[PDB]
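Novice: Below is the structure I would like to discuss, written out as structure tokens.
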Amino acid sequence: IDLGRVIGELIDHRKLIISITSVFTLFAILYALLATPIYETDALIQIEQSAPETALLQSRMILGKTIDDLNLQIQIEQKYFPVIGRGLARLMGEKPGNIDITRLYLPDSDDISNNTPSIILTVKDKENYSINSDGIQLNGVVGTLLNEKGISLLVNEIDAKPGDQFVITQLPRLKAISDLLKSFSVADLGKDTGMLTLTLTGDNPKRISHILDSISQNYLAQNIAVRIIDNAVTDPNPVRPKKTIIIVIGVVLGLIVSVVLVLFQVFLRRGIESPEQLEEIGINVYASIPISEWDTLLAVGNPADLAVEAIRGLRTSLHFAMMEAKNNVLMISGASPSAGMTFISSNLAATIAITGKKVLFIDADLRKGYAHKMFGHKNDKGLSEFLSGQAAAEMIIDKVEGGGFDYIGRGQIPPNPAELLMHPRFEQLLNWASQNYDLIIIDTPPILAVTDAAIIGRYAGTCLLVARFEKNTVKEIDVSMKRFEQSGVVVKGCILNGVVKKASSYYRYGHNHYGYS
Amino acid sequence: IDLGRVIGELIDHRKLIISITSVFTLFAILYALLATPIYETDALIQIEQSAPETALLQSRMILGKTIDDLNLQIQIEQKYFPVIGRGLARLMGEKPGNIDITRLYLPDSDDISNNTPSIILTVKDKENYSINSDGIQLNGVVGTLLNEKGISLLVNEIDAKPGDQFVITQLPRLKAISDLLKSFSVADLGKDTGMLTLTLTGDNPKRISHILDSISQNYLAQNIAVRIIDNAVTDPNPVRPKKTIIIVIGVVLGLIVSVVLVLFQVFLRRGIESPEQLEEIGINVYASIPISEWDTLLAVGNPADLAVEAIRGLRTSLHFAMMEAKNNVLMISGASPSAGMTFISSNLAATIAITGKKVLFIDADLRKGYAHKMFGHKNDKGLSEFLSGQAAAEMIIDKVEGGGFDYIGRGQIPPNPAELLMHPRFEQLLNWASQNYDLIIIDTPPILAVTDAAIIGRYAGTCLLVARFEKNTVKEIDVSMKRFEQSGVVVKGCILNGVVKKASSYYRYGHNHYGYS
Amino acid sequence: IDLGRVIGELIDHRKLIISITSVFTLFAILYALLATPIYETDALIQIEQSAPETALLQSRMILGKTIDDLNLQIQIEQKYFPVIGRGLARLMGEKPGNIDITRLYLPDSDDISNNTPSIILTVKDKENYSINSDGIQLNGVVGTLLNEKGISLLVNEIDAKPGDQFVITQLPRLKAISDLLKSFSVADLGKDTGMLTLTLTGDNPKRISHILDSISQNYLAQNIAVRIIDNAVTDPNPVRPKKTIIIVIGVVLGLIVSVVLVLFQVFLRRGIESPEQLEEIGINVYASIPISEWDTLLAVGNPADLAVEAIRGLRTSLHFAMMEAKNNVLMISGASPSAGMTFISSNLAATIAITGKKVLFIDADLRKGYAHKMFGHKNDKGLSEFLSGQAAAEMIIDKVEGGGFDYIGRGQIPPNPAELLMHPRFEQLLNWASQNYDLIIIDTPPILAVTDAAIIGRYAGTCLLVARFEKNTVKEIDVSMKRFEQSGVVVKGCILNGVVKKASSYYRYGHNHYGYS
Ligand SMILES: Nc1ncnc2c1ncn2[C@@H]1O[C@H](COP(=O)(O)OP(=O)(O)O)[C@@H](O)[C@H]1O
Ligand SMILES: Nc1ncnc2c1ncn2[C@@H]1O[C@H](COP(=O)(O)OP(=O)(O)O)[C@@H](O)[C@H]1O
Ligand SMILES: Nc1ncnc2c1ncn2[C@@H]1O[C@H](COP(=O)(O)OP(=O)(O)O)[C@@H](O)[C@H]1O
Ligand SMILES: [Mg+2]
Ligand SMILES: [Mg+2]
Ligand SMILES: [Mg+2]
């Protein structure tokens, strides 16, 4: 590997890299724009030590005095059904509603798990409201207290629009103190001075300042039975979330994920990349057919296609490689199915037929052949019917419409194709056709699947394999050629099919293909 | 080894990896859901030092004062017979019962080992209960004290359902103090301040808070003859077990166990993996027969099987490898038993017989041959009977029903098979059959077990070995071929049998097999 | 790589390096000359400790006392519409205007985001002024206070020219204190002494000194209910921006950017650099044609060109390489389009024609040939018309005007050029022309694009490829030559075209070209 290789691999997978990075950045931006802002307030306390004073400030005594003073055991949250409703409501510019409660006494279910009883309050107007705990609907009025169904509730100054819902929870005193202690910190700022820097974070900028003022005043009143230099004020800029660092982390995470995925794909790739890989082993590659992006013959629908140009190059190579051959029969086979054998055989027959030569195309794939469908057919009396003795050599030959060559179809699918192909009638047909045609092209099944290609290849002067660009492997093609040669069939060379242009291929070998029109 | 190799090995053993990891995670989840939760309580003590105060708090004086005050030498546990009954009862939502005892005096057996006398109390109703120490049944009533059989017991406020059992133990005072000291810790929290952070853990959230309050009050009363800032309250969230870390440890442990097992299997694997291993040594592999998942011939029951397709490929290879041979006799042997010699020989005979050729199948395994069973037989007058002189060459030949070839069975098992096979009658039979049949296939025992294959191979023009996919070894096959060649028998090649597709094999060599139907 | 290579690469890309470095230095100089200068003032405070005194100086108490004393919650900035207007106005020598405000009360919109109400004040003369907040125009007079539209404003001593605009912002008290605290620092200077070094930075040298004096006096008056040794004076030399370090950083950044870009281009370069690269593979390079910077023939317009001299060298090489050839037909082809095939063929024909020989130039590029345009033409009856049977060999040959050789044009573009070139009429034409001309030069399309060159090359005794200097690749040329040789065409050698002189090429190989006139 080198700089050219890595740059080419990054250019090839650019769509994957961009998509993954964009998804990660979109998630990061959504989180940074929908997360609830958290504000911070601070105060300054002067001590005439401070090491016992920190633990006395963070003690349940002071914190619970604050909880009782400010009624922090009553928890009120506006109801947004999804996990993004609050964020989108804040983004839409809707101000958050709030209600003032000074008295709340729930029936204290106190079951095994739900230690915090909760109700839902729905606002009907500026004055009245509705309450439902477990489906039990009640109606209340601001001002007058409610004592019904074992529930005591006092709501004042509803500041919201009608239809809003609020979840009212009565959490235990220790839970409230634990929350306050989790959001409250004390420092010394000099490690020796009497200055104490109290800090408190929360999602309500006014409430956190009120809470910190209450804490400071309670501590002062306790200690005088300590000077407050700065009363608590809230920094208007939220301390969390940190949007820029969140987005940067998202970008970097997306980039590293994309890079590792690309590396895994590159290292797990095993297919053929260029004809040079085949020619290292000693396999002559006679053509490289590109992918045609255009049941019709390509060489007839679009004679000016790049794939048909590559097939004409293959025809020119064959006109020289097929001389000094024992006969005029050419067999095209391959390693794996759907490698391009029928495509290449049919289009090669078309391109050789337009040059004024008589061509016969035999579809000796007695299992899954569709040449009759691709050419327009009379399905009766095919190769199977001829081989099984129930047809003559003259009634099986047809004419391609937009072609210019004859063809023989597979007929009906037999139960014994490999035993049919061993009959001497096949060699009789080939010997008869070699005297009436200038070229016979035989299409065969793969060799790594069945043995029909190796049975047929005995009567074929020239045999070529078709290798798929990314699917097949060099070892696979070597295995196919050695299995052919083990049965007495000499494979002339190979044909790489379905080639596409890649930047890594350019930085390793080169272009090796152009357009000229 | 490389990335492709390791990924293939992980993919192959994925069932083992998943099973082991799932078992480990299931055990971890069961432990984390059935373990008893352990709560924690804490208090704050202010000292006007604290280094002698820690050791005075953790002293037997204070701890035993607490034990005597709270009657902690009476141990009560609800009876759950299994080691998971308590956990499953807690999961099922059953509240744990408890009883209040203020007086307990067991007869104090005080034997060599059982220093803690214990009894079992069974609840009958809200008022009465039953007591049995060593089978001695007694009945008691809440309120009135019991003084019978040297046992004094006072039970108040039974809060449980009838049928519950409780193990009541009177552990010694030092044992109670040791337990309390094990569950009790003191810290300074400033290393210089007068603040002390007392901590106590246990499985009863109310009891641990009561115990810590008693400890604090006893220490205060002792010291005044120290300020208590925070009385003990229990954190409702248990501190143990830590479910998430337990589950993560379980997952990681399962993964590492699976990986090490996979590595051991990979490094201890010795069998053949591909025909390339055999061809490195110079052994021509003529076929690779896959495992057929479908006493019948495969080539007759399922002629369209993948194994029968591979056997047809072998037939095509043999039609070319068996030319220029001294005669038309083919001997199939192998290295080890149950390698596939009879399977391959019989199916090869069937596939060569369907092509209109006359085939004779001789079962020259005079020890454990079952070809007659597989073909349908007249067990009389087999090869043994012919060789021992008590039969003619015409009465030993039979007909396969769904075959199309003749066969000769082994007859009765002789006591001297290797000495029977050395008789000139065997060569006479082969010479006679070579004039009446187009092909003779001889099935033989292994060569690493007996010498019959090497005796027979003298009269066979072509000899092929059958190697099992994972069982046999390259060295084993080389030993077999050299033992054959040492006795004057030239082995043409090999046949790999029982091949299966593996991801490691793909990432090392390739597919090398396909389906086409 | 070595010193010669790196020096040559730096010399080649000197224009890029200089341009990038100059752009970076220009940006750095513009920033350092347009950034607003920031001045610094300092004072000395003596303490009779100082560790609590630092935090008491930097406290909201003292800072807010200063804010209230100096009315620092009224923010006034002169209006410059661009982000460089202030800098360019300072550079132009314009003194910055200022206004004195002692009373400002905006209606306090206090919306969701814009917590700082702001207005714009436009100066009409030394006395009057205009005010517009959101389009509401008001007129005021220095002296008399304004109480209109809920806005209270008092402006004194307007010192500016008419037409100036000022943005007047009433930022909140905490924001003002935060700004002052951000620009204010305290140190001890001895870590033990009572000396305190107060510092304050800002863009107004007089205002920052006044602010620091107010801070010092407020702290003194608070502490006496501390000695001021040095009252605050402003250092006239701004502390920021640091112009020299900014410019040096710009220079170094430009240099490193240029170097990394040059390294990337060098490592991603893949084209041919010298004939030695081709001759390593075994390809005889017969010429190297330089770029001609001078629809006309070069060999006729400028016969004394360096490119025409290189073509005469090629002619001298050909007069020796074309002996012992089967005929007098020369085919010039190449790997990729726009490599120089038509240029080289036409100019070579001209240079061989001026030596008194009869030359025929055939334009066998039946797809995109423009030789008729380059020579002056009668477009009728070209090579296509001859090959398609509708013309004679005598009506297709024309005369080049400023040439001295005949030529055959492509005629009309046919739909089947490759099938036309396979007609025996082409060989008949070549055989006829080889008896009437001393040399035939055939121009062909590329070979990596189409197969026409490989069809034609059968009848050509000598074939040469044209390689482009930087565009084509050694692997590309090897692929072209092997594709030619695979179709039975023997390529004699290569011709490097479009060569330019480079310092890296000199320090690797040498000059290899000179001028002599
Ligand atoms: N270079 C190619 N460009 C476009 N289509 C192709 C190409 N090669 C094969 N195909 C098409 O993809 C399908 C599979 O190829 P096919 O030749 O039919 O399989 P097989 O070789 O096993 O007989 C076919 O529909 C074929 O037309
Ligand atoms: N590729 C295979 N697929 C399915 N079954 C097989 C295969 N090879 C062997 N067997 C079966 O496994 C058993 C053992 O093989 P066998 O040929 O009888 O042993 P041996 O070679 O020693 O005579 C047999 O029942 C056989 O049918
Ligand atoms: N060494 C060169 N100096 C100046 N111009 C050149 C040189 N080589 C090619 N060209 C000009 O650049 C253009 C492309 O070259 P051309 O020979 O026409 O392409 P092709 O080889 O594919 O037929 C032409 O206009 C040509 O005149
Ligand atoms: Mg096909
Ligand atoms: Mg057997
Ligand atoms: Mg051209």
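Novice: Somewhere in region C:380-391, is a residue within 16 Å of ligand 6 (Cβ to nearest atom) and among the acidic types (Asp, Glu)? Write out each step before concluding.
Specialist: Residues of region C:380-391 within 16 Å of ligand 6 (Cβ to nearest atom): C:382-384.
Adding the requirement that they be among the acidic types (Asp, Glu) leaves none.
Within region C:380-391, not a single residue is within 16 Å of ligand 6 (Cβ to nearest atom) and among the acidic types (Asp, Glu).
Novice: Search region A:258-291 for residues being β-branched (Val, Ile, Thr) and assigned to a strand (DSSP E or B), and hand back the single one that is farthest from A:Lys475 (Cα to Cα).
Specialist: Applying the first criterion (β-branched (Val, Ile, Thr)) to region A:258-291 yields A:259-260, A:262, A:266, A:272, A:281, A:283, A:285, A:289, A:291.
So of that shortlist, the ones also assigned to a strand (DSSP E or B) come out as A:285, A:289.
Details: A:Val285: 15, A:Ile289: 21 Å.
Here the answer is A:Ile289.
Novice: Scan region A:103-141 for residues that are in a loop (DSSP other than H, G, I, E, B), away from every other protein chain (no Cβ under 14 Å) and of a type outside the set (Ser, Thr, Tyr) and report the count.
Specialist: Looking only at that region, the number is 11.
Novice: Report, by residue number, each residue of region C:142-167 that is within 13 Å of C:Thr122 (Cβ to Cβ), of a type outside the set (A, V, I, L, M, F, W, C) and part of a strand (DSSP E or B).
Specialist: At the first step, the residues of region C:142-167 found to be within 13 Å of C:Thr122 (Cβ to Cβ) are C:155, C:158, C:160-167.
With the extra rule that they be of a type outside the set (A, V, I, L, M, F, W, C), the set shrinks to C:161-165.
Listed by number, the list holds a single entry, C:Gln165.
Novice: Additional query: Have a look at B:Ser185, B:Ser274, B:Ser214 and point out the one that is away from chain A (no Cβ under 14 Å) and either touching a helix residue (DSSP H, G or I) at 6+ places or on another chain (Cβ under 7 Å) or within 30 Å of B:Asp2 (Cβ to Cβ) (or both).
Specialist: After applying the criteria, what remains is B:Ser214.
Novice: Among residues belonging to region A:326-347 that are away from ligand 4 (no atom under 13 Å from the Cβ) and touching a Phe, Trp or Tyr at 6+ places or on another chain (Cβ under 9 Å), point out the one that is farthest from A:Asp443 (Cα to Cα).
Specialist: Step one: filter region A:326-347 for residues away from ligand 4 (no atom under 13 Å from the Cβ), giving A:326-330.
Okay, now just the ones that are also touching a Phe, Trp or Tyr at 6+ places or on another chain (Cβ under 9 Å), so A:327-329.
On the way: A:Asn327: 17, A:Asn328: 15, A:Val329: 11 Å.
Per the criteria, the residue is A:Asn327.
Novice: Does A:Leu255 count as among the hydrophobic types (A, V, I, L, M, F, W, C), within 14 Å of chain C (Cβ to nearest Cβ) and assigned to a helix (DSSP H, G or I)?
Specialist: no
Novice: Can you spot a residue in region B:8-30 that is assigned to a strand (DSSP E or B), among the charged types (D, E, K, R) and either more than 24 Å from the chain's Cα centre (by Cα) or surrounded by 15 or more Cβ atoms within 10 Å (Cβ to Cβ) (or both)?
Specialist: Within region B:8-30 (the criterion being assigned to a strand (DSSP E or B), among the charged types (D, E, K, R) and either more than 24 Å from the chain's Cα centre (by Cα) or surrounded by 15 or more Cβ atoms within 10 Å (Cβ to Cβ) (or both)), the answer is no, since none of the residues qualifies.
Novice: Another question, if that's okay. How many residues does region A:292-306 contain that are within 13 Å of another protein chain (Cβ to nearest Cβ), in a helix (DSSP H, G or I) and within 35 Å of the chain's Cα centre (by Cα)?
Specialist: Looking only at that region, the number is 1.
Novice: Take B:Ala287 and decide whether it is within 14 Å of chain A (Cβ to nearest Cβ) and out of contact with any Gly (no Cβ under 8 Å at 6 or more places or on another chain).
Specialist: Criteria not met by B:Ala287.
Novice: For B:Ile208, state whether it is over 45 Å from the mean Cα position of the chain (by Cα) and more than 14 Å from every other protein chain (Cβ to nearest Cβ).
Specialist: Taking the combined requirement at face value, the residue does not satisfy it.
Novice: Continuing with this model, one more query. Restrict the check to region C:311-328 and report whether at least one residue is small (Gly, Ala, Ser) and outside any helix (DSSP H, G or I). Before the answer, list the steps.
Specialist: Taking region C:311-328 as the starting set, the residues that turn out to be small (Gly, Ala, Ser) are C:313, C:317, C:321, C:325.
Keeping just the survivors that are outside any helix (DSSP H, G or I) gives C:325.
Yes, there is a match, as at least one residue in region C:311-328 is small (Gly, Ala, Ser) and outside any helix (DSSP H, G or I).
Novice: Could you tell me whether any residue of region B:385-407 is within 14 Å of chain A (Cβ to nearest Cβ) and either touching a helix residue (DSSP H, G or I) at 6+ places or on another chain (Cβ under 9 Å) or on the phi > 0 side of the Ramachandran plot (or both)?
Specialist: Yes.
Novice: In region A:415-461, which residues are in a helix (DSSP H, G or I) and among the hydrophobic types (A, V, I, L, M, F, W, C)?
Specialist: A:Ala418, A:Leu420, A:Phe426, A:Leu429, A:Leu430, A:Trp432, A:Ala433, A:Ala453, A:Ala454, A:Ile455, A:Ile456
Novice: For residues that are closer than 30 Å to A:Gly515 by Cβ and among the aromatic types (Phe, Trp, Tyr), scanning just region C:317-362, find the one that is nearest to ligand 3 (Cβ to nearest atom).
Specialist: In this case the residue turns out to be C:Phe343.
Novice: Which of the residues that make up region C:222-237 are in contact with a helix residue (DSSP H, G or I) (Cβ under 9 Å, 6 or more places away or on another chain) and of a type outside the set (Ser, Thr, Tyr)? Reasoning before the result, please.
Specialist: So the first thing to find is which residues in region C:222-237 are in contact with a helix residue (DSSP H, G or I) (Cβ under 9 Å, 6 or more places away or on another chain), and the list is C:222-223, C:226-228, C:231-236.
Once the filter is applied, which keeps residues that are in contact with a helix residue (DSSP H, G or I) (Cβ under 9 Å, 6 or more places away or on another chain) and of a type outside the set (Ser, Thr, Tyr), region C:222-237 yields C:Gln222, C:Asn223, C:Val226, C:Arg227, C:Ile228, C:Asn231, C:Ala232, C:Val233, C:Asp235, C:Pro236.
Novice: Here's a follow-up. Filter region B:488-517 down to the residues that are surrounded by 14 or more Cβ atoms within 10 Å (Cβ to Cβ) and away from chain A (no Cβ under 14 Å), then identify the one that is nearest to the chain's Cα centre (by Cα).
Specialist: Taking the candidates together, the pick is B:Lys502.
Novice: Now, a different point. Within region C:371-384, track down each residue that is surrounded by fewer than 20 Cβ atoms within 10 Å (Cβ to Cβ) and part of a helix (DSSP H, G or I).
Specialist: Result: C:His372, C:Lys373, C:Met374.
Novice: Could we say that A:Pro107 is at negative phi and in contact with a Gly (Cβ under 7 Å, 6 or more places away or on another chain) here?
Specialist: So A:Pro107 passes the test.
Novice: I would also like to ask the following. Within region B:320-350, take every residue that is within 14 Å of chain A (Cβ to nearest Cβ) and surrounded by fewer than 22 Cβ atoms within 10 Å (Cβ to Cβ) and give me the one that is nearest to ligand 6 (Cβ to nearest atom).
Specialist: Applying the filter and picking the extreme gives B:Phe320.
Novice: A further question follows. Quick check: anything in region A:168-182 over 26 Å from C:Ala55 (Cα atoms), part of a strand (DSSP E or B) and not hydroxyl-bearing (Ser, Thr, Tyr)?
Specialist: Yes - at least one qualifying residue is present in region A:168-182.
Novice: Looking only at region A:445-476, filter to residues that are touching an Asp or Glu at 6+ places or on another chain (Cβ under 9 Å) and away from chain B (no Cβ under 11 Å); which one of those is nearest to ligand 3 (Cβ to nearest atom)?
Specialist: Within region A:445-476, the match that is nearest to ligand 3 (Cβ to nearest atom) is A:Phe469.
Novice: Restricting to region C:237-252, and then to whatever is of a type outside the set (A, V, I, L, M) and part of a helix (DSSP H, G or I), can you tell me which residue is nearest to the other protein chains (Cβ to nearest Cβ)?
Specialist: Among those that are of a type outside the set (A, V, I, L, M) and part of a helix (DSSP H, G or I), it is C:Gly250.
In this analysis, Cβ positions are derived from the backbone assuming ideal geometry, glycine residues included, and neighbour counts consider all displayed protein chains. Where a number appears in this text, it was derived from the coordinates with a stated rule and is not lab data.
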